[PDB]
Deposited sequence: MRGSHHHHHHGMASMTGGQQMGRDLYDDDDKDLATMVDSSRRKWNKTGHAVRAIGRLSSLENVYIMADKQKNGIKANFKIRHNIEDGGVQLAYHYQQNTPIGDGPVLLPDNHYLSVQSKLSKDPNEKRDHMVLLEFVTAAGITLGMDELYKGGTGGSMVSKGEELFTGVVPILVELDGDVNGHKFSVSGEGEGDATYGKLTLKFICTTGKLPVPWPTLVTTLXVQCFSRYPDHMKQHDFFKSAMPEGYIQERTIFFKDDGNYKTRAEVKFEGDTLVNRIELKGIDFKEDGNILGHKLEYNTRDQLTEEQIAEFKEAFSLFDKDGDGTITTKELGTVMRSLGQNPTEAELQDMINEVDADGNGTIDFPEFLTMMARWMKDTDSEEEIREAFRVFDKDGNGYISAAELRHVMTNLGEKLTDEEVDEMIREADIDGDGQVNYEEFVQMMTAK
């Protein structure tokens, strides 16, 4: 009961945080190169706790001289699932991805090449701090659904970096663009001749990858051919030290989906199954924030898949599934803590939890409030400190 109220509020606070923290794949026109640029952040869960951030900067330019579509600003939203083939002895990764464009509220000739299932081939040669490796992948893409299925093998033996750190490098032409956004699909517009995709990926507190790729049709097959160079890595760090989780935190208990629903109904105050800017603004104010209408619209747009300007119940479930797979940074947890720690002394008092829970539209007996404290209080001091809060929101 008390653990449900912590999880309910924790989810709401984390949700508000993620809506503001730029989690999608942001695409913009690059007129100077007749192509696009993109930026985004990837969260890599560290096996023993914590997150390794990877900040991506990207640019794509057409290989051919034919006309391409230069998009208005929008983003891609990715759902990735990593697994292992039980009958594969080589170092490998199996990948299932669903990628959808959004971010623009309510067709090129190259798009015609993507109406069915298209075979994919991927080849990567890498060198990270002098540790060389090669990867070959094969599978299929079904852009109608934004669906990719690939299997990758390290053809040089043992991969000297974690597989998750190579996912973004290892075919955005398979993204699903909604009907109202077909004019913003640069990737398909450049086909069949293709594009060059370049990135720098900064692993926070560690080294960086530099990648260059040619993506194009070779016959009926969409081929991704990549060179990757990594420098400045720590031999003992999260990447060369292989300290990152592999498997996607995939499975959802019905207790978890139920917690997401309880969180949803904190926002959805009129019980109509969708969250408006008014409702989101109401919750954020009750937590001590003061967003403008433009900010509220922008926050909703980050998860508003259908572009109708509200967060629908399925859109909320989808975002919460995405967010909870990946760990918060310590800066983010400290910020969540400060929603409760209203005076800043490093301790959440009963009066402070009482204030927050009151304002969020809950009538609670002080005994209910005290047993919340009791649940988080690892050292019977009658308060919640940061170390206790960190465990309560993980």
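No C-alpha positions are given for the deposited-sequence stretches 1 to 38, 145 to 158, 223, 448 to 449.
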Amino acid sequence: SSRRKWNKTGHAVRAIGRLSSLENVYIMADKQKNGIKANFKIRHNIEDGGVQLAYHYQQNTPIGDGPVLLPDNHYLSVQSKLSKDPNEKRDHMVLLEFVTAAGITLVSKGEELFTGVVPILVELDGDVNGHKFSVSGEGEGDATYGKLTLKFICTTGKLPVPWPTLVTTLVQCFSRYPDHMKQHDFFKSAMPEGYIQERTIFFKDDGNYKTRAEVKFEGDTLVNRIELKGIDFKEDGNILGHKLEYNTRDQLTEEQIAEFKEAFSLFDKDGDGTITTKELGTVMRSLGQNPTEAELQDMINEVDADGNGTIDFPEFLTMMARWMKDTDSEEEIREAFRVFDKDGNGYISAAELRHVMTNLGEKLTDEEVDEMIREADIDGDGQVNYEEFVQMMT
From here on, numbers count along this sequence of modelled residues.
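If you average the C-alpha B-factors over 250 to 258 and over 171 to 179, the higher value belongs to 250 to 258. Relative to its counterpart among 110 to 118 and 221 to 229, 110 to 118 has the higher mean temperature factor, C-alpha atoms as listed in the PDB entry. The top Cα temperature factor in the record, among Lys147, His242, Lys269, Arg322, falls on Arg322.
For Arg285, the recorded CA temperature factor ranks within the highest third of the chain's modelled residues. In the PDB entry, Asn24 places in the lowest third of its chain by CA B-factor. The entry lists a Cα temperature factor for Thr165 that places it in the lowest third of the chain's modelled residues.
Remark: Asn34 belongs to the middle third of its chain, ranked by C-alpha B-factor as recorded. Ranked by C-alpha B-factor against the other modelled residues of its chain, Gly207 falls in the lowest third.
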